[PDB]
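Colleague: One structure, pasted below without further comment.
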Amino acid sequence: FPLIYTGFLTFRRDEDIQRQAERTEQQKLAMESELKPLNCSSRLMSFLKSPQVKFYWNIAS
Amino acid sequence: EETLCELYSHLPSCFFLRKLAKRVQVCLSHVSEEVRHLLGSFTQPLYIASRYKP
């Protein structure tokens, strides 16, 4: 369980934040020459609700 | 050489232009470094600064 909080699988929220920052930097660079921030604790409780997880726990049961 | 330098200054936006913009963070050597990275590490650099004459 703590390897998720360490970060071994990518997340949608951080990928979108990085993509938005990259788009902003691209627009700033072309000029030169909204999106939620990421939670820290509820990361895990949000991980334990996706159906790909519940299918594996149900097949284990 | 000046004509070719100026002709590289009018590219419309493409993925090559974004990579060139990342590399300038236009003299010809900045073109050639990106071309070398695209083509492969083995081949030699295409252009050399202030030696475009033979």
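Simple scheme: letters A, B, ... for chains in structure tokens order, numbers from 1 for residues in each chain, numbers from 1 for ligands in the order shown.
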Which chain A residues are at most 9 Å from chain B (counting only C-alpha atoms), as a list in words?
Modeller: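 Result: residues 26, 29, 30 and 33 of chain A.
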Colleague: Produce a file of the selected residues containing N, CA and C atoms, as a PDB file, in the first residue's frame.
Modeller:
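The result, stored in part_31.pdb:
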```pdb
ATOM      1  N   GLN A  26       4.860  26.988 -23.082  1.00  0.00           N
ATOM      2  CA  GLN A  26       4.942  27.081 -24.537  1.00  0.00           C
ATOM      3  C   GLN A  26       4.364  28.396 -25.037  1.00  0.00           C
ATOM      4  N   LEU A  29       6.820  31.139 -24.150  1.00  0.00           N
ATOM      5  CA  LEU A  29       7.991  31.118 -25.017  1.00  0.00           C
ATOM      6  C   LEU A  29       7.662  31.644 -26.407  1.00  0.00           C
ATOM      7  N   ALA A  30       6.467  31.330 -26.918  1.00  0.00           N
ATOM      8  CA  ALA A  30       6.049  31.879 -28.206  1.00  0.00           C
ATOM      9  C   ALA A  30       5.841  33.386 -28.121  1.00  0.00           C
ATOM     10  N   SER A  33       9.854  35.066 -27.850  1.00  0.00           N
ATOM     11  CA  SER A  33      10.815  35.087 -28.953  1.00  0.00           C
ATOM     12  C   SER A  33      10.234  34.525 -30.247  1.00  0.00           C
TER      13      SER A  33
END
```
Colleague: Would you mind reading off the distance between CA of residue 7 in chain B and CA of residue 28 in chain A, one decimal, in Å?
Modeller: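 A separation of 23.3 Å between them.
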Colleague: Could you state the separation of CA of residue 47 in chain B and CA of residue 9 in chain B in Å, given to one decimal place?
Modeller: 16.4 Å
Colleague: Select, from B:46, B:38, B:28, B:4, the residue with the minimum atom-to-atom distance to residue 16 in chain B, counting only C-alpha atoms.
Modeller: B:38
